[PDB]
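Sequences listed follow chains A, B, C, D, E, F and G, in order.
So the first sequence is residues 1 to 64, counted in my numbering.
So the second sequence is residues 1001 to 1049, counted in my numbering.
So the third sequence is residues 2001 to 2511, counted in my numbering.
So the fourth sequence is residues 3001 to 3048, counted in my numbering.
So the fifth sequence is residues 4001 to 4048, counted in my numbering.
So the sixth sequence is residues 5001 to 5102, counted in my numbering.
So the seventh sequence is residues 6001 to 6214, counted in my numbering.
The next block holds one structure in the form of structure tokens; read it before the comments.
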Amino acid sequence: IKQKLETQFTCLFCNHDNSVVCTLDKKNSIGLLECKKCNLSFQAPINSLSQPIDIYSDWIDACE
Amino acid sequence: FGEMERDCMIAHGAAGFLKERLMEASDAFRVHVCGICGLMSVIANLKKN
Amino acid sequence: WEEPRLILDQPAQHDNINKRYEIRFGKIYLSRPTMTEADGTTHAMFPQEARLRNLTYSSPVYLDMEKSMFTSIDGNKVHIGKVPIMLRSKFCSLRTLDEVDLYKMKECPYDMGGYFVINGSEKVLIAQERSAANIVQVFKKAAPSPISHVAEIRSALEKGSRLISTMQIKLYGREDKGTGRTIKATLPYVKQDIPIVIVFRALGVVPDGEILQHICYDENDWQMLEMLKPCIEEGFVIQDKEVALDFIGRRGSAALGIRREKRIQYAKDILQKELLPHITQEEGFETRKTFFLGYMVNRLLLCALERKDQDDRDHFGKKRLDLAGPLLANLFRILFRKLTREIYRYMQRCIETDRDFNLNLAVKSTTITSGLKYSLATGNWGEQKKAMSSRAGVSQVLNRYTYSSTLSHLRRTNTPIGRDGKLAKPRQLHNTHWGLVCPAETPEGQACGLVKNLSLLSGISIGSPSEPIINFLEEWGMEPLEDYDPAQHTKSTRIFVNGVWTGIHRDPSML
Amino acid sequence: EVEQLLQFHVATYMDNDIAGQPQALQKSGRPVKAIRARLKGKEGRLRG
Amino acid sequence: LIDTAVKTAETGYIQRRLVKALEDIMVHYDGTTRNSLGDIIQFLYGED
Amino acid sequence: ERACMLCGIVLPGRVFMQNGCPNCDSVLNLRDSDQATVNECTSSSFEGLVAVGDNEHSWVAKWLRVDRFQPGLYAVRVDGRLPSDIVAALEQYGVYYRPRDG
Amino acid sequence: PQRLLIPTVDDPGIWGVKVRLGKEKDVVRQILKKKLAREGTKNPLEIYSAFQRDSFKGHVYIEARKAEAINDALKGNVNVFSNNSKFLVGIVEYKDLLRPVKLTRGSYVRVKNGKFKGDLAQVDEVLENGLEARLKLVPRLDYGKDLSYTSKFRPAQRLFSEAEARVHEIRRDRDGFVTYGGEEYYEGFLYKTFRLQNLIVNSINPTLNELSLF
DNA sequence: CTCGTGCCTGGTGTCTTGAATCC
DNA sequence: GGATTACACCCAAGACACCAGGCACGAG
RNA sequence: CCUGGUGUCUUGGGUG
Ligand SMILES: [Zn+2]
Ligand SMILES: [Zn+2]
Ligand SMILES: [Zn+2]
């Protein structure tokens, strides 16, 4: 079953903190970051061990 | 006079003795209460009565 | 020399002129104990005066300090405090004198010393019992837990001898419950348990076949191999070093947002240091940690396979006694850093005035002197503001009721387990106490069985450098760890020196 | 920050064993003896 | 020596809870055995 | 440290004696004064320390009316006022004193 | 006019940051050094200003355009709490952060220092420069009785008595004015200069004893 | 005689990161 | 996640820190 | 010429 989790991460674009939601679909190995404020979305591959800090880390490197 | 000595006097049924030990032979105090609200809020000047 | 230099820096733009301010601590010198009156006059202090006038029998300590001043456009004997002297030791004014003159100093020749004098009161240090460092212990876990066996080790360096960190390897999965029976480890400063295979890959050894060649030295043992099966599959998708190191860094108590380009380089420190620091801390020696990690997993499974009993926590060979020496070093270490930070905080104000500091105004001897006096007088082992959580009762007033009682009191040992925790295991007289602690002498009441007393012929090891022992082992045939293969070495004996696996030898009987 | 601090002092004045947060301390370093701690335990008002 | 020193506090706690459970139980003049609420515990003390 | 009453800059007092005020000395001439003069134009008493790094684009600097001055430490409030004789002399120079004492 | 200098949406943001109590000025200093040292380099510190208000203990305010610059300004600062505790200030709150804020001859003040600490005094006059004020005070004297002072071992208050001084231990200066032990007493009151910073002018509460006397 | 430095007393205010079973 | 963990008694052994301001003494 | 106040909080060591 999918996991819809709220986090305390800051969006890299709109800078609103505590407004990034992480949807981890392990059945298809696809993780999804969403911003509850400005509405952006970032997708990245996840394994079985990953957690909201794993894809949020991949989002920091995808920008820089 | 600890908790276990208290129990022994109950077993003897010596209720009168236990009362005296814990009051007259120790820290007995007189307070005034209000018959309406039941608090110890009474201001009592005894020489002015 | 544990932190031998203080360093400052300012990139002068106010014509940049990096001006590093540096202070180096050198030789230590000791003087005999001296009474300095309010007058200013000084004389040698002997103990009888110290008892009578409620003084502290202590020696002034002087430390060489050296200033240096790097400047790039792009001292002498400072007094640091007084250390209480143990009577009849080599630094006590009674050690000489000779029997005739002892009587003139009002000292009794039957008084054998071994204690301190603090504000006129005689204080003796009580030996503190602790578990050995750098040894693997395996224990079983209670029924309502997903863990069944745990391996534990507290790692502590050889120099100084001081604690560093603690590490655990837990085997999950109950009896027919817990599904995949995998194994995860616990690392210092990481919030979550990490599977074993991942940390093996994170050290530079990644294909399965090499990993199993580091742990199990018996290819036939299919029971052991079947228990490592789920560990491979739960860490299969992590197939190289870089994504392994990053998986670690994403848990290690840091800040949020240090990116992959650096979050690896932060985790490489948590692996190089803090994780098993007793083996080595220099770079390019990760072969020793990988080999040691395999040994741990091997020991863990032997207990889970019921081929070896769990370790007996009360076996006296797994125990150590901290006496006056080691106990003072741990306290002196804490206080010397406190003195250091007060020097550092004072330089940042006194150099903004650009005035040469007279050094003697930047060393407040009250930090060490009051620190040692307070802890020896109360027994509170720590900084005064942190009196709780610190251990109590390490120092006690020396019982002088009778002569026998003085001898017993100076030879007492204490196990600091508590009064909380009933049971029996630390309180029982264990078989391995034979000849080392008295089987008869123990207090009645709450301390019964926890406070013990050294047998008449006991001694305590003072400590010895391990470096000459290594040289002797290699001269007589010990082979390095890079030359070792379980297929070729299916029968040789492993050699440990202070708990670190250092080599292998094929003919142990002659050695 | 100032209103929460008034709430804090009034709380630890009555009960200084609130779970999940650090105890109020005296300058000597030892915890403050709140009213709740006066009544409980072997030496408090009721059992002692 | 350990057993005597340990298990004395085990039984000491046992006796304390027993006394508080039973302290208010009194025989009344009708032969019933009652607590302070007047609940009947036995209709006749010791059944005899 | 003292604060210039005219511009609000915070400097070691001897600086006011050595170099004058870096913002004001064209009119205040503290460099060529005595200590009595320096102490009448600068105050040992001030509050609200402000690091101004970018005078000309800082809103904080514009509010404090230090946006035309040099980067440095400034004070929100400077106690005391310029002596009436110095205020009169500044006014002769086309300089209008707006007190910084609140 | 000050009203034309109000902030707008085009102005930089201001963040507050929690710092160790008593270290607010140090942090402001440290930020300035970092700013000036990095000016013109490839990695300038992109803050405009920083400040600390006494009334707001434990806080520094920092002016910038991006939050990342706030983190940059504070990086490595030992006086700053490592928790990611900065907070945003609203434009409508900016000027109040920079608000800068009595004493009249004949009014009462309370002395804050010396043997007269806590005593009520009348303001008689102030120095030309504007720093110390001459105060009229009920003296606390001993007439040299035990000579061969502190606020804990001082004397009771009582008007100066020149005939007592004449008898026991004095220079006449004018009608009703004597200099006694190098202090001036006029009609029984001490007249002594105090720093204005050494007197309290606000929220004074006269005591029972002061209502009886004055 | 004046200025500067050091010492003592009084008032105000905290923080580098570091024992076990049961319900 | 806390709360529970015998009773009474004896005796010896201890105690805030740092910073700023003011006053006094010494030297120029 | 009757009244008449000397500490606390801990820690440690002991007794049954
Ligand atoms: Zn967003
Ligand atoms: Zn009423
Ligand atoms: Zn100016």
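C-beta atoms are modelled at their ideal positions from N, C-alpha and C, and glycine is treated no differently.
Quick one: measure Cβ to Cβ for residue i and residue j, integer angstroms, because I've assumed they're closer than 8 Å.
i	j	result
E2099 of chain C	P2109 of chain C	6 Å
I6070 of chain G	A5051 of chain F	About 14 Å separates the two Cβ atoms, so there is no contact after all.
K2 of chain A	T23 of chain A	6 Å
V6017 of chain G	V6080 of chain G	7 Å
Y6185 of chain G	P6139 of chain G	7 Å
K2067 of chain C	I2023 of chain C	6 Å
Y6048 of chain G	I6204 of chain G	Actually they are not in contact, since the Cβ atoms of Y6048 of chain G and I6204 of chain G sit about 41 Å apart, beyond 8 Å.
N2414 of chain C	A2127 of chain C	7 Å
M2045 of chain C	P2033 of chain C	5 Å
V2138 of chain C	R2020 of chain C	That belief does not hold up - the Cβ atoms of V2138 of chain C and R2020 of chain C are roughly 50 Å apart, past 8 Å.
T2432 of chain C	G2317 of chain C	7 Å
Does the Cβ-Cβ distance between residue i and residue j come in under 8 Å?
i	j	result
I53 of chain A	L33 of chain A	no
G2120 of chain C	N2018 of chain C	no
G2081 of chain C	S2375 of chain C	no
residue 5103 of chain F	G5008 of chain F	Beyond the ends of chain F as shown, which are 5001 and 5102, falls residue 5103 of chain F; an answer cannot be given.
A6165 of chain G	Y6180 of chain G	yes
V2394 of chain C	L2125 of chain C	yes
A2244 of chain C	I4002 of chain E	no
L6103 of chain G	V6201 of chain G	yes
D6124 of chain G	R6110 of chain G	no
residue 1977 of chain C	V2083 of chain C	There is no way to answer for residue 1977 of chain C, as the model of chain C reaches only from 2001 to 2511.
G2284 of chain C	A2267 of chain C	no
Keeping to the same chain, check which residues put their C-beta closer than 7 Å to that of residue i; ignore five residues upstream and five downstream.
i	result
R6038 of chain G	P6044, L6045
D5032 of chain F	none
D6142 of chain G	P6155
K3042 of chain D	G3048
Please tell me whether, using a cut-off of 7 Å, the distance from the CB of residue i to the nearest non-hydrogen atom of ligand 2 is below it.
i	result
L1039 of chain B	yes
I1036 of chain B	yes
Considering only heavy atoms of ligand 1, does any lie closer than 7 Å to the CB of residue i?
i	result
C63 of chain A	no
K37 of chain A	yes
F42 of chain A	no
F9 of chain A	no
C22 of chain A	no
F5046 of chain F	no
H2014 of chain C	no
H2315 of chain C	no
Looking only at its chain, what residues have a beta carbon closer than 8 Å to the beta carbon of residue i, apart from the 5 residues adjacent to it on each side?
i	result
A62 of chain A	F42, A44
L1022 of chain B	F1001
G6144 of chain G	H6168, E6169, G6181
Check whether the Cβ of residue i sits closer than 7 Å to any heavy atom of ligand 3, and report yes or no.
i	result
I5009 of chain F	yes
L5073 of chain F	no
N5023 of chain F	yes
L5090 of chain F	no
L5082 of chain F	no
Give every residue of the same chain whose Cβ lies closer than 6 Å to the Cβ of residue i, excluding the five residues on either side of it in the sequence, and list them in chain order.
i	result
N6198 of chain G	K6112, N6113
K2273 of chain C	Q2281
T2186 of chain C	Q2168, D2193
In chain order, each beta strand (DSSP E) run of at least 3 residues that lies wholly inside the segment 2165 to 2189 of chain C: Within the segment 2165 to 2189 of chain C, the complete beta strand (DSSP E) segments at least 3 residues long are 2183 to 2186, listed from N- to C-terminus.
Segments of 3+ residues assigned as beta strand (DSSP E) that fall wholly inside the segment 2054 to 2087 of chain C: Here the runs fully enclosed are 2058 to 2072, 2078 to 2084.
Ordered list of alpha helix (DSSP H) runs contained in the segment 5044 to 5075 of chain F, each at least 4 residues: Runs found: 5059 to 5063.
Every unbroken beta strand (DSSP E) inside the segment 6129 to 6170 of chain G [3 residues or more]: Within the segment 6129 to 6170 of chain G, the runs of beta strand (DSSP E) at least 3 residues long that lie entirely inside it are, in chain order, 6132 to 6137.
Whole runs of the beta strand (DSSP E) within the segment 2372 to 2433 of chain C, excluding any shorter than 3 residues: As far as the segment 2372 to 2433 of chain C is concerned, its whole beta strand (DSSP E) runs of at least 3 residues are 2395 to 2397, 2412 to 2414.
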